[PDB]
file structure-v6.txt (compact mmCIF, C-alpha atoms)
# COMPACT_ATOMS: atom_id res chain seq x y z
CA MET A 1 91.36 80.14 82.91
CA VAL A 2 93.24 77.28 84.62
CA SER A 3 96.01 77.25 81.92
CA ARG A 4 96.37 81.01 82.21
CA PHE A 5 96.57 80.75 86.02
CA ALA A 6 99.24 78.02 85.80
CA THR A 7 101.29 80.13 83.42
CA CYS A 8 101.04 83.24 85.61
CA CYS A 9 102.09 81.13 88.63
CA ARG A 10 105.16 79.88 86.76
CA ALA A 11 106.11 83.56 86.12
CA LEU A 12 106.27 83.91 89.94
CA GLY A 13 108.96 81.18 89.92
CA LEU A 14 106.65 78.51 91.37
CA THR A 15 106.88 74.90 90.22
CA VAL A 16 103.66 73.88 88.50
CA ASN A 17 103.04 70.43 87.02
CA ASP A 18 106.79 69.73 87.54
CA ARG A 19 107.85 72.69 85.38
CA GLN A 20 109.70 75.73 86.74
CA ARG A 21 111.35 78.83 85.28
CA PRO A 22 113.18 81.88 86.76
CA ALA A 23 110.70 84.40 88.14
CA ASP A 24 109.78 87.49 86.06
CA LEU A 25 107.72 89.58 88.47
CA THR A 26 107.01 92.35 85.94
CA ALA A 27 105.47 89.74 83.66
CA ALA A 28 103.72 88.02 86.58
CA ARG A 29 102.14 91.35 87.60
CA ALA A 30 100.90 92.09 84.08
CA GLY A 31 99.75 88.48 83.66
CA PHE A 32 97.73 88.29 86.86
CA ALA A 33 96.33 91.78 86.24
CA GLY A 34 94.96 90.61 82.90
CA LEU A 35 93.66 87.45 84.51
CA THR A 36 91.61 89.56 87.00
CA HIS A 37 89.64 90.93 83.97
CA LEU A 38 88.71 87.36 82.91
CA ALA A 39 88.23 85.98 86.43
CA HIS A 40 87.22 89.08 88.41
CA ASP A 41 85.59 86.94 91.12
CA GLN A 42 88.47 84.42 91.49
CA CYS A 43 90.39 85.14 94.72
CA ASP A 44 93.46 83.31 93.40
CA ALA A 45 93.90 85.75 90.49
CA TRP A 46 94.01 88.63 92.99
CA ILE A 47 96.27 86.71 95.37
CA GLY A 48 98.59 86.12 92.42
CA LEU A 49 98.66 89.80 91.53
CA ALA A 50 99.56 90.61 95.14
CA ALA A 51 102.13 87.79 95.16
CA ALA A 52 103.76 89.41 92.10
CA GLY A 53 104.17 92.60 94.13
CA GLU A 54 101.01 94.67 93.45
CA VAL A 55 99.78 94.88 97.09
CA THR A 56 97.57 97.92 96.74
CA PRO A 57 94.38 98.77 98.67
CA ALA A 58 92.38 97.83 95.55
CA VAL A 59 94.06 94.39 95.41
CA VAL A 60 93.64 93.78 99.18
CA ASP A 61 89.98 94.83 98.83
CA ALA A 62 89.50 92.37 95.97
CA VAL A 63 91.21 89.47 97.75
CA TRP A 64 88.80 90.00 100.63
CA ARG A 65 85.75 90.51 98.39
CA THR A 66 86.43 87.20 96.61
CA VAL A 67 87.73 85.23 99.67
CA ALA A 68 85.08 82.47 99.18
CA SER A 69 87.17 81.18 96.27
CA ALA A 70 90.58 81.28 97.97
CA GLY A 71 92.64 78.33 96.82
CA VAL A 72 90.19 77.15 94.13
CA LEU A 73 92.57 77.74 91.23
CA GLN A 74 95.58 76.71 93.38
CA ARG A 75 93.99 73.31 93.86
CA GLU A 76 93.13 73.02 90.12
CA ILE A 77 96.86 73.41 89.29
CA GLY A 78 98.16 71.29 92.17
CA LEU A 79 99.98 73.96 94.19
CA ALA A 80 100.90 72.95 97.70
CA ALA A 81 99.41 75.08 100.49
CA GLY A 82 101.44 78.16 101.34
CA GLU A 83 103.24 78.46 98.01
CA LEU A 84 101.07 81.30 96.73
CA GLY A 85 101.04 84.26 99.05
CA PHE A 86 101.74 87.94 99.42
CA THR A 87 103.43 90.31 101.84
CA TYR A 88 101.33 92.99 103.47
CA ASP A 89 102.17 95.92 105.71
CA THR A 90 100.68 95.89 109.20
CA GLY A 91 101.08 99.66 109.34
CA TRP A 92 103.56 99.49 112.22
CA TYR A 93 107.05 98.06 111.65
CA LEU A 94 106.10 94.54 110.62
CA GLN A 95 105.17 92.97 107.38
CA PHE A 96 103.39 89.59 107.34
CA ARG A 97 102.92 86.87 104.74
CA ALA A 98 99.32 86.14 103.71
CA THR A 99 98.29 82.75 102.30
CA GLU A 100 94.95 81.92 104.05
CA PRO A 101 91.58 83.69 104.67
CA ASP A 102 92.55 84.80 108.21
CA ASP A 103 95.67 86.46 106.80
CA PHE A 104 93.51 88.20 104.18
CA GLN A 105 91.22 89.34 106.97
CA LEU A 106 94.16 90.95 108.79
CA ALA A 107 95.43 92.57 105.58
CA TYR A 108 91.96 93.98 105.03
CA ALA A 109 91.78 95.17 108.68
CA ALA A 110 95.13 96.95 108.05
CA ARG A 111 93.68 98.58 104.94
CA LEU A 112 90.55 99.60 106.84
CA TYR A 113 92.27 101.29 109.80
CA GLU A 114 94.66 103.10 107.50
CA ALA A 115 91.52 104.45 105.78
CA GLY A 116 90.04 105.52 109.14
CA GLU A 117 87.65 102.58 109.57
CA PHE A 118 88.93 101.73 113.00
CA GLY A 119 85.76 100.12 114.36
CA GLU A 120 85.37 97.70 111.43
CA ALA A 121 89.09 96.90 111.62
CA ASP A 122 89.00 96.26 115.33
CA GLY A 123 85.91 94.05 114.91
CA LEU A 124 87.58 91.87 112.27
CA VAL A 125 90.72 91.43 114.36
CA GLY A 126 88.63 90.70 117.47
CA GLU A 127 86.70 88.05 115.59
CA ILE A 128 90.01 86.34 114.89
CA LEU A 129 91.34 86.71 118.38
CA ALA A 130 88.17 85.00 119.77
CA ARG A 131 89.26 81.87 117.77
CA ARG A 132 93.03 82.33 117.75
CA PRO A 133 93.92 84.37 120.87
CA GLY A 134 97.57 83.32 120.76
CA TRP A 135 98.16 84.21 117.11
CA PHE A 136 100.89 86.90 117.08
CA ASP A 137 99.85 88.38 113.69
CA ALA A 138 96.39 89.21 114.95
CA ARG A 139 97.65 90.46 118.33
CA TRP A 140 100.00 92.80 116.46
CA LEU A 141 97.24 93.99 114.11
CA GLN A 142 95.19 94.98 117.16
CA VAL A 143 98.18 96.87 118.56
CA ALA A 144 98.70 98.63 115.17
CA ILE A 145 95.02 99.70 115.04
CA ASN A 146 95.34 101.18 118.57
CA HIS A 147 98.63 102.84 117.60
CA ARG A 148 97.10 104.71 114.68
CA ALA A 149 94.25 105.85 116.92
CA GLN A 150 96.85 107.10 119.43
CA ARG A 151 95.53 104.72 122.11
CA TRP A 152 98.84 104.47 123.87
CA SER A 153 97.56 102.86 127.00
CA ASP A 154 96.01 100.00 125.01
CA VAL A 155 99.30 99.45 123.22
CA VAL A 156 101.14 99.19 126.54
CA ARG A 157 98.42 96.92 128.03
CA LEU A 158 98.43 94.65 124.99
CA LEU A 159 102.22 94.44 124.74
CA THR A 160 102.88 93.90 128.43
CA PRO A 161 102.35 90.09 128.15
CA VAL A 162 103.86 89.93 124.60
CA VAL A 163 107.29 91.43 125.39
CA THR A 164 108.09 88.56 127.81
CA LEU A 165 107.12 85.73 125.41
CA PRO A 166 109.77 83.05 124.67
CA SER A 167 111.06 82.38 121.19
CA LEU A 168 110.17 85.80 119.65
CA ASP A 169 112.58 86.35 116.80
CA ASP A 170 114.90 89.37 116.56
CA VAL A 171 112.62 91.28 114.14
CA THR A 172 109.46 90.69 116.20
CA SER A 173 111.30 91.59 119.42
CA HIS A 174 112.57 94.83 117.92
CA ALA A 175 109.07 95.87 116.86
CA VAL A 176 107.53 94.97 120.22
CA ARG A 177 110.19 96.70 122.33
CA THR A 178 110.13 99.83 120.12
CA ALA A 179 106.32 100.04 120.19
CA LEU A 180 106.23 99.55 124.03
CA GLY A 181 109.00 102.14 124.54
CA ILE A 182 107.32 104.77 122.36
CA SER A 183 103.92 104.12 123.93
CA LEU A 184 105.30 104.46 127.47
CA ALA A 185 106.93 107.72 126.55
CA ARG A 186 103.64 108.93 125.02
CA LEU A 187 102.06 108.28 128.47
CA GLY A 188 104.78 110.34 130.17
CA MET A 189 106.31 107.13 131.56
CA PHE A 190 109.82 108.21 130.66
CA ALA A 191 111.98 106.01 132.91
CA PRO A 192 109.98 102.90 131.83
CA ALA A 193 110.34 104.02 128.20
CA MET A 194 114.09 104.33 128.61
CA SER A 195 114.36 100.68 129.71
CA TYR A 196 113.31 99.84 126.11
CA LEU A 197 114.66 102.86 124.22
CA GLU A 198 118.15 103.27 125.78
CA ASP A 199 119.48 101.01 122.96
CA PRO A 200 116.98 101.46 120.12
CA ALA A 201 119.13 99.63 117.50
CA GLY A 202 117.81 96.51 115.83
CA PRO A 203 117.02 94.79 112.51
CA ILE A 204 114.01 97.01 111.60
CA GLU A 205 115.43 100.23 110.23
CA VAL A 206 112.21 102.29 110.72
CA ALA A 207 111.92 101.05 114.35
CA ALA A 208 115.58 102.00 115.05
CA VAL A 209 114.87 105.55 113.76
CA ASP A 210 111.58 105.92 115.73
CA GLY A 211 113.20 104.41 118.84
CA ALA A 212 116.13 106.83 118.73
CA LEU A 213 113.84 109.83 118.11
CA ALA A 214 111.66 108.83 121.07
CA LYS A 215 114.77 108.22 123.15
CA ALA A 216 115.91 111.78 122.40
CA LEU A 217 112.54 113.32 123.20
CA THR A 218 112.40 111.28 126.41
CA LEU A 219 115.85 112.59 127.46
CA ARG A 220 114.68 116.12 126.66
CA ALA A 221 111.62 115.64 128.91
CA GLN A 222 113.99 114.48 131.69
CA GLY A 223 116.09 117.63 131.24
CA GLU A 224 119.01 115.84 129.55
CA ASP A 225 119.16 118.43 126.76
CA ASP A 226 122.74 117.88 125.59
CA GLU A 227 122.32 114.07 125.56
CA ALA A 228 119.11 114.49 123.54
CA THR A 229 120.99 116.69 121.02
CA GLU A 230 123.76 114.08 120.66
CA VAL A 231 121.21 111.37 119.99
CA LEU A 232 119.41 113.52 117.44
CA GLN A 233 122.66 114.60 115.72
CA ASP A 234 123.82 110.98 115.40
CA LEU A 235 120.38 110.10 114.05
CA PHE A 236 120.24 113.05 111.60
CA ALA A 237 123.79 112.36 110.33
CA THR A 238 122.67 108.85 109.32
CA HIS A 239 119.20 110.01 108.13
CA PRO A 240 119.89 113.50 106.69
CA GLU A 241 116.59 113.68 104.75
CA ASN A 242 114.40 112.88 107.78
CA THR A 243 112.44 116.07 108.40
CA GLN A 244 110.92 114.78 111.64
CA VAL A 245 114.39 114.20 113.09
CA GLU A 246 115.49 117.60 111.68
CA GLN A 247 112.52 119.34 113.42
CA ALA A 248 113.44 117.89 116.81
CA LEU A 249 117.17 118.58 116.37
CA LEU A 250 116.67 122.26 115.31
CA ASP A 251 113.97 123.19 117.82
CA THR A 252 115.37 122.36 121.27
CA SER A 253 112.01 123.24 122.86
CA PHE A 254 110.08 120.65 120.73
CA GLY A 255 108.84 117.94 123.02
CA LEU A 256 106.94 114.69 122.88
CA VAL A 257 103.20 115.38 123.34
CA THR A 258 101.93 113.06 126.12
CA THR A 259 98.65 111.92 127.55
CA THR A 260 97.22 109.55 130.13
CA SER A 261 95.04 106.42 130.23
CA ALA A 262 92.24 108.40 131.88
CA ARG A 263 92.22 111.04 129.15
CA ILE A 264 92.18 108.36 126.45
CA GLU A 265 89.32 106.58 128.25
CA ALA A 266 87.35 109.80 128.39
CA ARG A 267 87.16 110.21 124.62
CA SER A 268 83.58 110.45 123.39
CA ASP A 269 84.70 108.54 120.24
CA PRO A 270 87.28 105.89 121.29
CA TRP A 271 88.90 105.98 117.82
CA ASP A 272 89.21 109.77 117.44
CA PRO A 273 92.08 111.57 119.23
CA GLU A 274 90.20 114.85 118.54
CA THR A 275 87.63 113.81 121.17
CA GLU A 276 90.30 113.26 123.84
CA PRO A 277 90.23 115.93 126.59
CA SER A 278 93.54 117.79 127.12
CA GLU A 279 95.32 117.89 130.52
CA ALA A 280 93.61 121.29 131.07
CA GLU A 281 90.09 119.97 130.24
call {"tool": "encode", "arguments": {"input": "structure-v6.txt", "output": "structure tokens"}}
result
Amino acid sequence: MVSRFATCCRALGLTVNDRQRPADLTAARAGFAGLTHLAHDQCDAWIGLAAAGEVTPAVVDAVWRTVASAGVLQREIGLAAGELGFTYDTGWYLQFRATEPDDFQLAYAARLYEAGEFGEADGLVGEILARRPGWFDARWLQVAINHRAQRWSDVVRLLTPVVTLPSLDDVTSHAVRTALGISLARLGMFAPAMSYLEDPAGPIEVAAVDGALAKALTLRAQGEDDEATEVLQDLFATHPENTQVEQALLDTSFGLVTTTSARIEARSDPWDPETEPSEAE
């Protein structure tokens, strides 16, 4: 098992026992996959498979399931901490690197909320934030959970003290400002939204697209129809296969559906937008 693990790690391009080779991620994926049949309960085999690029719900599930043994094989082969890790999607703009149990916990929380298990997700992230309240990754995971549940007021509340933090990098800043802009617009707070969305460009392509779309829909809500159209045309010309952008551009009466904090708070199930009363109700 240990020899196989070392060999699979070397296929990732990691130095092991002072030997290194060029990475072959196709081979690393197949290698670690096979190793999960031998060592089904070894977290490091699953971490390796994810590290090689197979970051599926099944793999994230398995990493979590086997988390007791995180780092056991790593230590057997003498890998320094942080060398073996994988990239996981938060579900909103950002991808994070996972190397430690708490990262695995967040990746699993991401998996859970995407699968509709919002309460379990929120509980796992909250557990972390009780210990690590300043840890950006966990703060963002909470925001992403609330986003998927369409809890716009929570997103704004949570991001209010984040958007002013010093030493946020350009990527993080772009995600935060885009998320806060969108969420404000979803609360009908259009002029506030525009403070963030007026220039939606940034390093995260998907955030630049969402930011521009929300910018257009915000302008439309403010009666700036021709400006909205220009925004949407510029956006559609650069993203001609984007059917969401197409919908908004072709139907000049399509608007952003908005709500309020009070309506959100009145849900009978906090995680289910279907239980949210409409403006009429």
call {"tool": "residues_around", "arguments": {"input": "structure-v6.txt", "residues": "residue 200 in chain A", "least_positions_apart": "5", "cutoff": "8 Å", "atoms": "all atoms listed in the file", "output": "JSON, numbers by chain"}}
result
{"A": [178, 207, 208, 209, 211, 212, 215]}
call {"tool": "closest_residue", "arguments": {"input": "structure-v6.txt", "among": "A:5, A:96, A:271, A:254", "to": "residue 225 in chain A", "atoms": "all atoms listed in the file"}}
result
A:254
call {"tool": "residues_around", "arguments": {"input": "structure-v6.txt", "residues": "range 118-132 of chain A", "least_positions_apart": "2", "cutoff": "9 Å", "atoms": "all atoms listed in the file", "output": "list in words"}}
result
residues 102, 105, 106, 108, 109, 110, 111, 112, 113, 114, 115, 116, 134, 135, 138, 139, 141, 142, 145, 146, 148, 149 and 271 of chain A
call {"tool": "residues_around", "arguments": {"input": "structure-v6.txt", "residues": "residue 23 in chain A", "least_positions_apart": "3", "cutoff": "10 Å", "atoms": "all atoms listed in the file", "output": "PDB file with C-alpha atoms, keeping the file's coordinate frame"}}
result
ATOM      1  CA  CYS A   9     102.090  81.130  88.630  1.00  0.00           C
ATOM      2  CA  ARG A  10     105.160  79.880  86.760  1.00  0.00           C
ATOM      3  CA  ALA A  11     106.110  83.560  86.120  1.00  0.00           C
ATOM      4  CA  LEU A  12     106.270  83.910  89.940  1.00  0.00           C
ATOM      5  CA  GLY A  13     108.960  81.180  89.920  1.00  0.00           C
ATOM      6  CA  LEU A  14     106.650  78.510  91.370  1.00  0.00           C
ATOM      7  CA  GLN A  20     109.700  75.730  86.740  1.00  0.00           C
ATOM      8  CA  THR A  26     107.010  92.350  85.940  1.00  0.00           C
ATOM      9  CA  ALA A  27     105.470  89.740  83.660  1.00  0.00           C
ATOM     10  CA  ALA A  28     103.720  88.020  86.580  1.00  0.00           C
ATOM     11  CA  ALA A  52     103.760  89.410  92.100  1.00  0.00           C
TER      12      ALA A  52
END
call {"tool": "residues_around", "arguments": {"input": "structure-v6.txt", "residues": "range 76-92 of chain A", "least_positions_apart": "6", "cutoff": "7 Å", "atoms": "all atoms listed in the file", "output": "ChimeraX atom specification"}}
result
/A:2,6,16,47-48,50-51,55,98-99,107,110,141,144
call {"tool": "decode", "arguments": {"input": "structure-v6.txt", "residues": "range 71-163 of chain A", "atoms": "C-alpha atoms", "output": "mmCIF file, in the first residue's frame"}}
result
data_model
loop_
_atom_site.group_PDB
_atom_site.id
_atom_site.type_symbol
_atom_site.label_atom_id
_atom_site.label_comp_id
_atom_site.auth_asym_id
_atom_site.auth_seq_id
_atom_site.Cartn_x
_atom_site.Cartn_y
_atom_site.Cartn_z
ATOM 1 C CA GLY A 71 -2.412 12.356 6.308
ATOM 2 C CA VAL A 72 -1.629 8.798 7.486
ATOM 3 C CA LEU A 73 -0.144 7.679 4.175
ATOM 4 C CA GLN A 74 1.349 11.163 3.565
ATOM 5 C CA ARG A 75 3.343 10.793 6.759
ATOM 6 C CA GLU A 76 4.412 7.210 5.848
ATOM 7 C CA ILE A 77 5.999 8.560 2.625
ATOM 8 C CA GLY A 78 7.414 11.748 4.147
ATOM 9 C CA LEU A 79 5.323 14.352 2.308
ATOM 10 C CA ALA A 80 5.442 17.820 3.782
ATOM 11 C CA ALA A 81 2.100 19.255 4.925
ATOM 12 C CA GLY A 82 0.135 20.981 2.181
ATOM 13 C CA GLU A 83 1.756 19.194 -0.745
ATOM 14 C CA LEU A 84 -1.173 16.837 -1.325
ATOM 15 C CA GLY A 85 -4.409 18.664 -1.874
ATOM 16 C CA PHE A 86 -7.313 19.231 -4.212
ATOM 17 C CA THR A 87 -9.336 22.106 -5.612
ATOM 18 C CA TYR A 88 -13.031 22.221 -4.854
ATOM 19 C CA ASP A 89 -15.841 24.461 -6.039
ATOM 20 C CA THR A 90 -17.598 26.544 -3.404
ATOM 21 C CA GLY A 91 -20.627 26.761 -5.683
ATOM 22 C CA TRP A 92 -20.321 30.536 -6.058
ATOM 23 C CA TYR A 93 -17.412 32.027 -8.005
ATOM 24 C CA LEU A 94 -14.545 30.762 -5.881
ATOM 25 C CA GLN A 95 -12.584 27.596 -5.813
ATOM 26 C CA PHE A 96 -10.529 26.693 -2.729
ATOM 27 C CA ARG A 97 -7.613 24.357 -2.084
ATOM 28 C CA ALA A 98 -8.248 21.537 0.406
ATOM 29 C CA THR A 99 -5.409 19.896 2.354
ATOM 30 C CA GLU A 100 -6.740 19.545 5.957
ATOM 31 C CA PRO A 101 -9.903 18.144 7.658
ATOM 32 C CA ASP A 102 -11.553 21.592 7.955
ATOM 33 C CA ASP A 103 -11.119 22.091 4.208
ATOM 34 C CA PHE A 104 -12.684 18.651 3.615
ATOM 35 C CA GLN A 105 -15.548 19.685 5.871
ATOM 36 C CA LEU A 106 -16.195 22.772 3.726
ATOM 37 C CA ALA A 107 -15.953 20.744 0.508
ATOM 38 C CA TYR A 108 -18.482 18.323 1.943
ATOM 39 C CA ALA A 109 -20.739 21.227 3.062
ATOM 40 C CA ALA A 110 -20.552 22.489 -0.559
ATOM 41 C CA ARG A 111 -21.548 19.048 -1.817
ATOM 42 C CA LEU A 112 -24.400 18.872 0.702
ATOM 43 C CA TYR A 113 -26.014 22.241 -0.113
ATOM 44 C CA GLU A 114 -25.738 21.577 -3.831
ATOM 45 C CA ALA A 115 -27.696 18.371 -3.097
ATOM 46 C CA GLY A 116 -30.322 20.320 -1.133
ATOM 47 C CA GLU A 117 -29.051 19.457 2.359
ATOM 48 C CA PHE A 118 -28.883 23.046 3.448
ATOM 49 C CA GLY A 119 -29.364 22.491 7.184
ATOM 50 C CA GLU A 120 -26.568 19.903 7.465
ATOM 51 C CA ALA A 121 -24.321 22.141 5.341
ATOM 52 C CA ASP A 122 -25.020 25.203 7.426
ATOM 53 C CA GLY A 123 -24.388 23.227 10.630
ATOM 54 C CA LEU A 124 -20.976 22.017 9.447
ATOM 55 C CA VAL A 125 -19.903 25.501 8.402
ATOM 56 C CA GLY A 126 -21.211 26.963 11.667
ATOM 57 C CA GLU A 127 -19.230 24.414 13.640
ATOM 58 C CA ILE A 128 -16.118 25.712 11.914
ATOM 59 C CA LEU A 129 -16.976 29.344 12.330
ATOM 60 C CA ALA A 130 -17.379 28.810 16.129
ATOM 61 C CA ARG A 131 -13.627 27.843 16.165
ATOM 62 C CA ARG A 132 -12.356 29.890 13.231
ATOM 63 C CA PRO A 133 -14.679 32.916 12.887
ATOM 64 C CA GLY A 134 -12.163 34.878 10.824
ATOM 65 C CA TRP A 135 -11.464 32.131 8.285
ATOM 66 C CA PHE A 136 -12.519 33.516 4.869
ATOM 67 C CA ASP A 137 -13.117 30.074 3.285
ATOM 68 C CA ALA A 138 -15.741 29.191 5.856
ATOM 69 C CA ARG A 139 -17.324 32.659 5.786
ATOM 70 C CA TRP A 140 -17.647 32.325 2.013
ATOM 71 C CA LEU A 141 -19.101 28.804 2.264
ATOM 72 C CA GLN A 142 -21.815 30.182 4.551
ATOM 73 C CA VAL A 143 -22.536 32.941 2.027
ATOM 74 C CA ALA A 144 -22.695 30.346 -0.816
ATOM 75 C CA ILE A 145 -25.167 28.173 1.148
ATOM 76 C CA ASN A 146 -27.404 31.239 1.701
ATOM 77 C CA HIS A 147 -27.039 32.196 -1.971
ATOM 78 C CA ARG A 148 -28.334 28.860 -3.216
ATOM 79 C CA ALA A 149 -31.269 29.111 -0.810
ATOM 80 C CA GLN A 150 -31.982 32.605 -2.213
ATOM 81 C CA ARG A 151 -31.433 34.180 1.225
ATOM 82 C CA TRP A 152 -30.336 37.485 -0.202
ATOM 83 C CA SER A 153 -30.559 39.437 2.992
ATOM 84 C CA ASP A 154 -28.199 37.018 4.758
ATOM 85 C CA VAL A 155 -25.721 37.362 1.917
ATOM 86 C CA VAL A 156 -25.763 41.149 2.241
ATOM 87 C CA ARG A 157 -25.536 40.967 6.075
ATOM 88 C CA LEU A 158 -22.645 38.512 5.942
ATOM 89 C CA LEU A 159 -20.726 40.391 3.256
ATOM 90 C CA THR A 160 -21.177 43.858 4.733
ATOM 91 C CA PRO A 161 -18.128 43.455 7.060
ATOM 92 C CA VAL A 162 -16.178 41.331 4.490
ATOM 93 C CA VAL A 163 -16.185 43.826 1.591
#
